[PDB]
Structure formats: C-alpha cells, structure tokens
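J.:
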Amino acid sequence: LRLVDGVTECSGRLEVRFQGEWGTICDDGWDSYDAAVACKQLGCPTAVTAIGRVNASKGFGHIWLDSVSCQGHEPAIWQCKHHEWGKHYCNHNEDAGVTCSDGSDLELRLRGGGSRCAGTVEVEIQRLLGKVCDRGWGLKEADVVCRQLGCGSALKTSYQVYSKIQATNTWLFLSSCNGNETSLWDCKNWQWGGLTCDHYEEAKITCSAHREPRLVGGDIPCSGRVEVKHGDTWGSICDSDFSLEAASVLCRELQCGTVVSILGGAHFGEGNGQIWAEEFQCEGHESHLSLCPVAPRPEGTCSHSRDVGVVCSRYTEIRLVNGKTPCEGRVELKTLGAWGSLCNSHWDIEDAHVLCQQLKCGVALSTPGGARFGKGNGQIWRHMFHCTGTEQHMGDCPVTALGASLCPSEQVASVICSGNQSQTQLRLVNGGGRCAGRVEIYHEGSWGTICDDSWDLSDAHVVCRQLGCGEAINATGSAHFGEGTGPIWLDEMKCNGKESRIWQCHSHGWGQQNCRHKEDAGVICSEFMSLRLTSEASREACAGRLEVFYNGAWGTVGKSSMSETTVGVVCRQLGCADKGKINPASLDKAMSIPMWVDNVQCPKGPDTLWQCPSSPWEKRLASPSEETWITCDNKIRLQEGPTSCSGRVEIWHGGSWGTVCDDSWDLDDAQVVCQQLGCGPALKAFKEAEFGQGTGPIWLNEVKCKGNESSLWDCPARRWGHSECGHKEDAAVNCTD
Amino acid sequence: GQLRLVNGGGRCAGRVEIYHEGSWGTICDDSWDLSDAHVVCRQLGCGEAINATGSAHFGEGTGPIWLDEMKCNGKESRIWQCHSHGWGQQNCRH
Ligand SMILES: *[C@@H]1O[C@H](CO)[C@@H](O[C@@H]2O[C@H](CO)[C@@H](O[C@@H]3O[C@H](CO)[C@@H](O)[C@H](O)[C@@H]3O)[C@H](O)[C@H]2NC(C)=O)[C@H](O)[C@H]1NC(C)=O
Ligand SMILES: *[C@@H]1O[C@H](CO)[C@@H](O[C@@H]2O[C@H](CO)[C@@H](O)[C@H](O)[C@H]2NC(C)=O)[C@H](O)[C@H]1NC(C)=O
Ligand SMILES: *[C@@H]1O[C@H](CO)[C@@H](O[C@@H]2O[C@H](CO)[C@@H](O)[C@H](O)[C@H]2NC(C)=O)[C@H](O)[C@H]1NC(C)=O
Ligand SMILES: *[C@@H]1O[C@H](CO)[C@@H](O)[C@H](O)[C@H]1NC(C)=O
Ligand SMILES: [Ca+2]
Ligand SMILES: [Ca+2]
Ligand SMILES: [Ca+2]
Ligand SMILES: [Ca+2]
Ligand SMILES: [Ca+2]
Ligand SMILES: [Ca+2]
Ligand SMILES: [Ca+2]
Ligand SMILES: [Ca+2]
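Listed in order, the protein sequences are those of chains C and A. FYI, in the entry's author numbering the residues of the first sequence are 266 to 689, 718 to 1030. Under the entry's author numbering, the second sequence is numbered contiguously, ending at residue 810.
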C-alpha cells in the first residue's frame, strides 16, 4: 500500500500492489473506516482520517480494487471484504485517496466578509488551500462551522463583499452533519479533494457575532448607549449612522420590544474606544443586526459626544424574590429607584401567566393571597397590569398607576408556576385608548361585533366589568368608532347589568342577527383617560392648562412636586416636544372644573402619564394657584450654528429628534422656520449638511412651504415620517438675529 | 472597461455610466467637481469640461452605483485611475 501525488507522506492517492504491479482503488464504497484502516496500516498518525485524493492527478493502468468495506477492525486493507480483482468498471476519474492527520494541523476560516464570522468558508488542511461545496450546504452545518470558530448560531448563507477572495482548485465535500458536534472535522464521511464542484457554488456563511449589539449605561433595563461588536472588538455608534428601523432591529434582537426613542449626544454618558463608520440600511423586518446591509466609510468618524443611545418599551423590572423555588414567591418590582411589592387588588391569573412566561418557566397555577409568602419590605406599589395572557413579557401588557387606590394593610401579590417550560374574548378598538371603542368578540376563531339594537348602559356595564375598566359612561352605537369587518355575532342583548361576561345575556343566539356593519356597537368606560392642554386660542394647544379625563369628566392635575421628567412625559404624550416648563397661571379666563389628581411622579421609562404613580383620584375644588400650567419647548430647533437662531434644522416627532432632508429646501421654508422661532427674515437656506450631519431619523422631506405658513406642519409635504434620504443632506438655515 | 454618456442630447453630454462587473453603473455626485468632469471629457475626446452636474440632471439611472467620492486631480487619463472608495462602495441613491 502506498500514497502518491499528495501534499505530504500522509495524504494522496492510494495504491495497492498485486502480482508485481501497482494499481488504483475506486472511491465508490470508500468510507471513513476504510481511510482509517489505510492510515493505521501505514506508519502515519491516525487521529483524523479523511477521504479523497489531494491535488493528485488521474490514475494510470488497471484499477485493482473496488467497493471495499473494512468496518475499522481489520488491521490491513486486503483482510476486508472486497470484490473481484481487476474486474470493475470505474474510469480513471474516480480514483480513491486518503488524508491522515494528527488533528492539530486542520484549520478553517471565513474570508471575504466584514469580520471573523462572515464570509466564504476557506479550509486549510496540511498547508493546502480549499473551499467547501454548496452541495448539501445548509444552516444545520453552518451552525457547527460557526460553533467551532467561537461565534453564535448561523443566520444566513451569504455575506457582504468587503474584500475579494483568491481562486483555489481543491474542494471539500461535506455529508450531513448531526448539528451538535463541536467541530466540522467531527462530521461523518467528509471528502477532501477528488470530485469537482461543477454546477455548484462556494460555501458562504454569516453568523450572530458579526454585528452583535449591546446597551450599556442606563438606569432602567432596556435603555442605554448603543455598542456593537465586530466579532471581537466593541465600539460605539454615531447618532448620524443609526436609524429608527435599525433601532427597531436592535431592540428586537435584545428582547426589549418596540423602540420608544433614539437619543443623540451622549445622553447615557460618553464612551471610550472605537467609533464605527458603518451606516446601517435596515429595512426594519430583520431579526439580527448582522443580517442588515451596511455602508462603511474609510474616512473619519464623529466625536464621542455623538454616541447614539436607545430607550425601548420593556422597562419593567419585575422578579420573584422569596420562595422555596426560583419560580414561585412574592412579586416585586422597582420604580422611582426603589423596590416594592405589588398590589393584589387587581392582580389575576392571566397576569401570573405573563410573569412566569417572562421568567421562562411554565405557567401559573394559583395566586396565593395575604402574607402566605412574606410581607412587603415597606411601601407597596399600586401598579395594575391588564395582561391578556398571550404576551411573553410584562412590559407588553397595558399598565396603569395614575390615581390607583391605596392598598389595604397586607394585600400583597404572589405567584406560583410550574417548571415545564414547554407548557403553552372582548377587545375595544379605534377608541383612542384601551377602555373605549368599538366592541369586538372572538368566538369562532374570528373577531366579530355586536348590534346596537337594545344596546344600552346595562350591557356596557358587563362589557366594562369583564375587561377590567370599571363602569360604563357611554354605550354608543351607529358605528361611532368606525365600521367593523367580520361576523355580526350578537343581537338583542338583554343583560341585567350584574352579569360577569357578555355571553351570559339573553341574546338571540350566535349569528342570529339582522344588522349591517353600520350598526356596530361600542362603549366608553370609566377608566378611559385623555390628556389635554387648554388655552383660549385653541382647546388642544401646545401651551396652557393641563387637564385629565376620567370617570366621564374633565379635571385638573395638581402641581405639587411636579418634576422635569413628568412635564417631559406630558409634552411627549401630547406630541409637542421632549420637555416643557411650568408657568404661573394665566389671567385670560379660567373655567371652574375641579381637580382630579395630584402628586404625579414619573420614572424614566414610560412615555405616557397613565403609567406614572400618583395619589388616588379625588375630586376637590382648589384655588387657581394650585393649577398646573405647562408650556412645551419648541418643536423645531437649530443646532451647531454660530448664533442662537442659525444652524441645522431639527424636528421632534414620534418620541425622537430628527432632521429635514434638503431635496426641495429653499428660502420660502427658511422664512417659515425663522418666523416660527421668532427670528427675523430668513437670509439663506443651505443644503448638503453645511453645519454637520444630524441625529435620529429623517422626519421630513420635500417640504412645500409657500412662505407665509405659521409652522412647518401647516406646510404641505409629500413625505412625513419616512424619507429616501441620508444624513449627508440635512437642511440648515441662516436668519437675521 | 467602457465609459458612456446617456440622455444628454449628444455624445459629449449627459449622465456618466461605467461598464464594470458585467453591467453599466453610475457615479455619485458627492464631491463631483469640474476636475472629474474634465477627466471624463478627456477620456471621451470631447475636450475640456464646462459643466459638472449632479442631482440626476439628465434623469435617474438604473443599475448599481459603482464609485462614490471621486477626487480626480484633473490630469488623469482614465477615470478609474482616480482615487475613490472602490467598486460598489457607496451610500447614494439614484
Ligand atoms: C498536488 O500537490 C502536491 C503538494 O504540493 C504537489 O507536490 C509538490 O509538487 C511540487 C511541484 O510543483 C514539488 O516542488 C519541487 O520540490 C523539490 C524539492 O526538492 C524541488 O527540487 C523542486 O524545485 C520543486 O520545488 C514539491 O516537492 C511537491 N511536494 C511538496 C511536498 O510540495 C503535487 O505535485 C501536486 N500534483 C499532483 C499530481 O499530486
Ligand atoms: C356620552 O354621554 C354624555 C352624557 O353622559 C354626553 O355628553 C353630552 O353631550 C351632548 C351632545 O351630544 C351635550 O349637549 C351635553 O351637554 C353633554 N352632557 C350631558 C350631561 O348631557 C356625551 O356626548 C356622550 N358621548 C358620546 C361619544 O356619545
Ligand atoms: C453650466 O454652468 C454655467 C456657468 O459656467 C451656467 O450658466 C449660468 O447659469 C446661471 C444660472 O441660471 C445664470 O445666472 C448665468 O448667467 C449663467 N452664465 C454664466 C456665465 O454664469 C449654466 O446654467 C450651467 N448649466 C447647467 C445645466 O448646470
Ligand atoms: C449668516 O448671514 C449673515 C448675513 O449675511 C452673515 O454675516 C453670517 O456670517 C452668516 N452665517 C453663517 C454661519 O454663514
Ligand atoms: Ca340599529
Ligand atoms: Ca339591553
Ligand atoms: Ca335585531
Ligand atoms: Ca439631496
Ligand atoms: Ca421648499
Ligand atoms: Ca450628494
Ligand atoms: Ca472630486
Ligand atoms: Ca458618500
């Protein structure tokens, strides 16, 4: 037995001698055990044994064996089962070969991509280059390939072409891999060399640690400065290189839910280290940042005073603390920087389901009451979740803490859930809230409405009782909240008002109706909430007296201990700006509406005032000096300019600051901007980001101000909320001081 | 290795297109100045450049964008001889 025409003395085409002459062996039936016995027979290492002839040429003469089967026990090849000598039909393009190695000389890399863990799969076996064949290439094999290199799960069979890759002749053919072994070399029956990859492409792969994201520096679970890892090294991101879609993808990968806001500057503290120069181009629907396209720049980057930060929805920090097992005990959550136990008063089983689905262990069995699992360490939090049971995290549930009633002495929430992780209706729509809108009922695997015939407050009481919304204030019909689509399930509802569920009423029966969709029913319940700033000029202005809607009536909110964060939440909820200032009461005209709530303290997470803890609702008559008046900061600002009111234009919307593209930017729009800021006539309207690149998303494009509008949103704009623009074309203005 | 002008009403005016990687593509207008236009005109034998235009003055193109950030010094013989971010390295739109 001999090996010829190979890289070393331990690899090459295999030859056998008979009658005095050497001859070749056919590769059919030649498996890894045959190569193992061939390596063992010769004086060569046998730790790793592979099939195939490496860079060897075609055979010559007779083929003296075919379709052997050694099974690995027989010391020598000819002791195995084999066919008739010389009498076989293989041509000289099918000659066998063997590749024996110690196992410390085999190494595979990824080349052509943006990091260690994205590219074409290049293989180094005994200092000979190669590639892996597309034939049979799938994510299940890519998983072991990127497990051996030290990266995460494979995600795609492609990559971005960062650099060109040289050509190679050999090829590596891979059989099916079980998907759990810790190296590609451990896959069964992999061939090195021999066969050609005709009608097939090279193996490509992209895996998780290509662009792995992270959030650092925040005081709440799902907010902070954004950092990304390019395989091995971490780096911050410029606020001008990150978009709203990229933020959505980032917070989807990290399990933080939907994006609440992008924050520029260095909101969460300046970082240290590398700043990347890649502009993301996510379409929004990706699952990992690694899958997004990116545009690198060879030039320099921003300063560290422009690191992007993100705030996302899942800001609730909830846990089970005291109990026999880590998946049962008292429930605690931290807000306003302090831990506290929840209130049982409006805590039910559907909430426990999401509590222990968040913690990834089973489903809830019961909700023990009282001090059975421990008393609170101090003050009790009065938050009331309204989970529907189908969401995987508490931050996805509707929450309310504004005006919640004070709890009794020792009613504290607790939960017990099973360990088996494998364990796995009315809705109000179009009402501007959760406890108001058109009523839809889910009975036969589809959502349907209810007729307004015989529809009165008596049935609306049942509707607002089953959903967790208190009592009924309005029982509307005639499709007040818009026409529905789907079945009309119920008619002639005759609830007595004390029922607990809607179907317990003496209706005519499912599908027994004579209605159209213009007769869909709706409700407005007592727990409906709305916020308003009132002034004489307009009832929905951006500066005036603050009012809240509750129990069907409008009232005012006291100014006691009103912090900056609370006014920020108010302004952001109303859509005015990111922050505002309290004022002494105006003197134009004050209606005598009562006051609803006071002592409102908002944490840093929520973007609605309904989630801020406060004292319980209490209607009182109080002096106008105790009223809350707010002026929200301007919705448009000019930044980085040499004076107060010249520079780059930025606009607040959707919880984030952004910029205006310059595709149709002109002096007529600069007039509007300067007038809005209260500055003299416009002089120049710039283009192509004269005063530097912007922050956040591009909120506007092709604005069409006529030159006399009172604000930019009075102007027409064919684009609003989405733009085919980059940050390199931000608009700026120069006005008279 | 071919350079072409399209939609300009003549062979010595219009949108610039480069044939590479088996397809026609465009050049971004970022830093597109009179010197790069001079190089194009010299390559096509059309003399000295008079206008260098951007913002798709001759109409939005189709196909990939091949070169951004052209920094020709004005004396180059062929356009691809200039400094640039490389084939396909772009952050532009049509
Ligand atoms: C397929 O691959 C093997 C592995 O490289 C090839 O074997 C190598 O062939 C080259 C010729 O290109 C030999 O180079 C020569 O080496 C001697 C050393 O004394 C020197 O005198 C010559 O000037 C020349 O450099 C090389 O020795 C040989 N072996 C190794 C270990 O590199 C093989 O030829 C390829 N083809 C086939 C059909 O197997
Ligand atoms: C909800 O019901 C209230 C009354 O409980 C309605 O308020 C009245 O609205 C009418 C106009 O339709 C006014 O003339 C009255 O002054 C309002 N108050 C009272 C006490 O009658 C309210 O309009 C209803 N809302 C909806 C959406 O149906
Ligand atoms: C090509 O450049 C010339 C300048 O060399 C431009 O001609 C000027 O255009 C402006 C704007 O309409 C006029 O005010 C000037 O009077 C024109 N002449 C000169 C000598 O400045 C010409 O418009 C440019 N063409 C294009 C298509 O961009
Ligand atoms: C704005 O315009 C005034 C008046 O022309 C000029 O003095 C000033 O330098 C301009 N500012 C900038 C930043 O160009
Ligand atoms: Ca009716
Ligand atoms: Ca009724
Ligand atoms: Ca009816
Ligand atoms: Ca532009
Ligand atoms: Ca305009
Ligand atoms: Ca440009
Ligand atoms: Ca240039
Ligand atoms: Ca560019």
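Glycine residues also receive a C-beta, built at the ideal position from the N, C-alpha and C atoms.
1) I need the boundaries of the beta strand (DSSP E) containing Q718 (chain A), first residue and last residue.
2) Looking at the C-beta of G804 (chain A), does it have a partner C-beta in chain C at a distance below 9 Å?
3) Can you check which of these residues, C:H464, C:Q431, C:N434, is closest to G401 (chain C) by C-alpha distance?
4) Which of the three DSSP states is assigned to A830 (chain C) in this structure?
5) Give me the subset of the segment 539-570 of chain C whose CB atoms are less than 9 Å from a CB atom of chain A, sorted by chain position.
6) Step through the CB atoms of chain A and report whether any lies within less than 9 Å of the CB of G989 (chain C).
7) Can you list, in chain order, the residues of the segment 1010-1028 of chain C whose Cβ is nearer than 9 Å to any Cβ on chain A?
8) Are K421 (chain C) and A468 (chain C) close, meaning C-beta to C-beta below 9 Å?
9) Answer yes or no: does any C-beta atom of chain A fall closer than 9 Å to that of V942 (chain C)?
10) For a test of the three-state rule: what should DSSP assign to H736 (chain A), helix, strand or coil?
11) With a cut-off of 9 Å, does the C-beta of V426 (chain C) fall near any C-beta of chain A?
12) Output the boundary residues of the beta strand (DSSP E) element that contains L509 (chain C).
13) Does chain C have any CB closer than 9 Å to the CB of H736 (chain A)?
14) Which residues bound the beta strand (DSSP E) around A315 (chain C)?
15) At which residue ranges does the segment 817-905 of chain C contain complete beta strand (DSSP E) runs of 3 or more residues, listed in the order of the chain?
16) On the DSSP letters alone, give me the boundaries of the alpha helix (DSSP H) that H754 (chain A) sits inside.
17) State the Cα-Cα distance for the pair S819 (chain C) and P633 (chain C), rounded to the nearest angstrom.
18) Between which residues of its own chain and residue 1043 (chain C) is the CB-CB distance below 8 Å, once the five residues before and five after are set aside?
19) Can you give the Cα-Cα distance for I944 (chain C) and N609 (chain C), rounded to whole angstroms?
20) Since I believe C744 (chain A) is in contact with residue 823 (chain A) (beta carbons under 8 Å), could you give me their beta-carbon distance rounded to a whole number of angstroms?
21) According to the Cβ coordinates, are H475 (chain C) and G549 (chain C) closer than 9 Å?
22) I think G848 (chain C) touches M888 (chain C), with their Cβ atoms under 8 Å apart; what is that distance to the nearest whole Å?
23) Quick one, which of A:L750, A:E733, A:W748, A:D749 has its alpha-carbon nearest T742 (chain A)'s?
24) Three Cβ pairs or more, each shorter than 8 Å: is that satisfied between the segment 966-981 of chain C and the segment 1011-1029 of chain C?
25) Which residues mark the beginning and the end of the beta strand (DSSP E) in which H773 (chain C) is found?
26) Measuring only the C-alpha atoms, how far is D484 (chain C) from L598 (chain C)?
27) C895 (chain C): beta carbon under 8 Å from a heavy atom of ligand 5?
28) Looking at chain C, is there any beta carbon in it that lies within less than 9 Å of the beta carbon of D752 (chain A)?
29) For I795 (chain C), which three-state DSSP category applies?
30) For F774 (chain C) and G815 (chain C), which I take to be in contact (beta-carbon distance under 8 Å), what is that distance rounded to the nearest angstrom?
31) Where does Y424 (chain C) land, buried or exposed, given buried means 16+ other C-beta within 10 angstroms?
32) For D749 (chain A), would you say it is in contact with chain C, using Cβ-to-Cβ distances shorter than 9 Å as the test?
33) Do you know how far the Cα of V953 (chain C) is from the Cα of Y735 (chain A)?
34) Using 9 Å as the threshold, is the C-beta distance between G522 (chain C) and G660 (chain C) below it?
35) Between the Cα of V576 (chain C) and the Cα atoms of C:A512, C:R637, C:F638, which residue gives the shortest distance?
36) Considering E477 (chain C), what are the terminal residues of the beta strand (DSSP E) in which it resides?
T.: The structure says:
1) 718-726
2) With 9 Å as the cut-off, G804 (chain A) counts as an interface residue toward chain C.
3) C:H464
4) coil
5) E544, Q546, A560, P561, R562, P563, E564
6) no
7) So the close ones are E1017, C1018, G1019, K1021.
8) no
9) no
10) strand
11) yes
12) Note, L509 (chain C): premise wrong, no beta strand (DSSP E); alpha helix (DSSP H) at 509-518.
13) It does not: the Cβ of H736 (chain A) has no partner Cβ on chain C nearer than 9 Å.
14) 313-316
15) 823-827, 836-843, 846-850, 873-875, 888-890
16) 750-760
17) 29 Å
18) The question about residue 1043 (chain C) has no answer, for chain C in this structure spans 266 to 1030.
19) About 43 Å.
20) Outside the shown range of chain A (717 to 810) lies residue 823 (chain A), about which nothing can therefore be said.
21) no
22) 6 Å
23) A:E733
24) yes
25) That residue, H773 (chain C), is in no beta strand (DSSP E); it is neither H nor E in DSSP.
26) 14 Å
27) No, the Cβ of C895 (chain C) stays beyond 8 Å of every heavy atom of ligand 5.
28) It does not: the Cβ of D752 (chain A) has no partner Cβ on chain C nearer than 9 Å.
29) helix
30) 5 Å
31) The residue is buried, with at least 16 neighbouring Cβ atoms inside 10 Å.
32) no
33) 35 Å
34) Closer than 9 Å, so yes.
35) C:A512
36) Per DSSP, the unbroken beta strand (DSSP E) holding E477 (chain C) starts and ends at 477-482.
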